[PDB]
Q: 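This is the structure I want to talk about, given as structure tokens.
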There are 2 protein chains.
Amino acid sequence: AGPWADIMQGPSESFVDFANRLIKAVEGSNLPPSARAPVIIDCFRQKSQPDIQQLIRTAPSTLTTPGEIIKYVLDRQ
Amino acid sequence: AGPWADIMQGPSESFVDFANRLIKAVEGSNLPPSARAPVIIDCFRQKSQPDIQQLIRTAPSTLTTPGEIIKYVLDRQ
């Protein structure tokens, strides 16, 4: 579907809108099922807006899933 | 190591230099071993220069590995 490795949070885009685009692309992609979650986590870390990248870095290592990181970011706005 | 999902072939960069940067980053990353090759293949498809993206699309489905695609691109220059 969407070129998942090109997806980055735009300057007018909310984190959740970016996460939804990214995840739709990853789920529609040719990646092995077990690669999806790590790819999503890394693209959140690397491809969100710079301030959000910084916020994600504060989350403890106990937050391991995309859903945990989405709740983390949104609830700190 | 390098943020593997940010890596894209620059306008003055050869395909092999980009492939080497990308692969170094992927190999140094937190991705599961089995995710590496598909991630590399997709980042070649999506993150090379536009003309190279087009060339990669011509390669038949029988070319499945990063090394096969690297030889394919380089030998057609």
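Below, chains carry the letters A, B, ... as their sequence lines are ordered, and counting in each starts from 1. Any value given below was found using the heavy atoms of this structure, including those in side chains, with hydrogens, waters and symmetry copies removed.
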Q: To the nearest 0.5 Å, tell me how far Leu31(B) CG sits from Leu31(A) CG.
A: 9.5 Å
Q: Find the one option among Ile7(A), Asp6(A), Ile41(A) whose heavy-atom pairs under 4.5 Å with chain B are most numerous.
A: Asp6(A)
Q: Considering heavy atoms only, which positions within residues 46-76 of chain A lie below 4.5 Å of chain B?
A: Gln46(A), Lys47(A)
Q: Between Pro32(A) and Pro38(B), is there a side-chain heavy-atom distance shorter than 4.5 Å?
A: yes
Q: Which atoms of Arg45(A) are under 4.5 Å from chain B, going by heavy atoms: the side chain, the backbone, both sets, or neither?
A: side chain
